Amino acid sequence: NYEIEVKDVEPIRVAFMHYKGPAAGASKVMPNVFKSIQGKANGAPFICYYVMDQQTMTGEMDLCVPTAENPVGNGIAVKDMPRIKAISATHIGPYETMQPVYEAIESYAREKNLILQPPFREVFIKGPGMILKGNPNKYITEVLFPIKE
């Protein structure tokens, strides 16, 4: 049970950097976004996935931290992330266990005659800290997959 529902997700101003490579490796790079705004986030950090492969878990994505601040850091800039009408699925546990969440979103979309519209997002509601890793078994990750409206 991934608590699947359709959400009206409002626009978000983010500090971000572009990242190309394995999604798992993004966690080493995300701290640079927080450091650029002196940790002054006004929302949960997330990845916006533009090009991704489910099997290789590698592609092109933006590492995003919601903020009102002007970032100062190499390769950090600001994007106004657009409003999305999105399928929301919530995953509890480590990031390695998340392919089934996407299968559940695809099934839900197919059954409700909704058309998936990348890019999609993983929102780290409860995840690793900059220093403290915490318990990956209790991580809360919200997948937001936009649909055609």
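The first residue of the shown sequence is 1; numbering continues from there.
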Practice problem: Read off the CA B-factors in the entry, average them over 124-132 and over 14-22, and name the higher stretch. | Solution: 124-132
Self-check item: Of 83-91 and 31-39, the one with larger mean CA B-factor
Solution: 31-39
Practice problem: Could you say which of 98, 115, 51, 47 has its CA atom at the highest B factor, as listed in the PDB entry? | Solution: 98
Quiz prompt | Residue of maximum C-alpha B factor among 8, 149, 5, 142, per deposited coordinates | solution = 149
Quiz prompt | Third of the chain, ranked by Cα B-factor, where residue 60 sits | solution = lowest
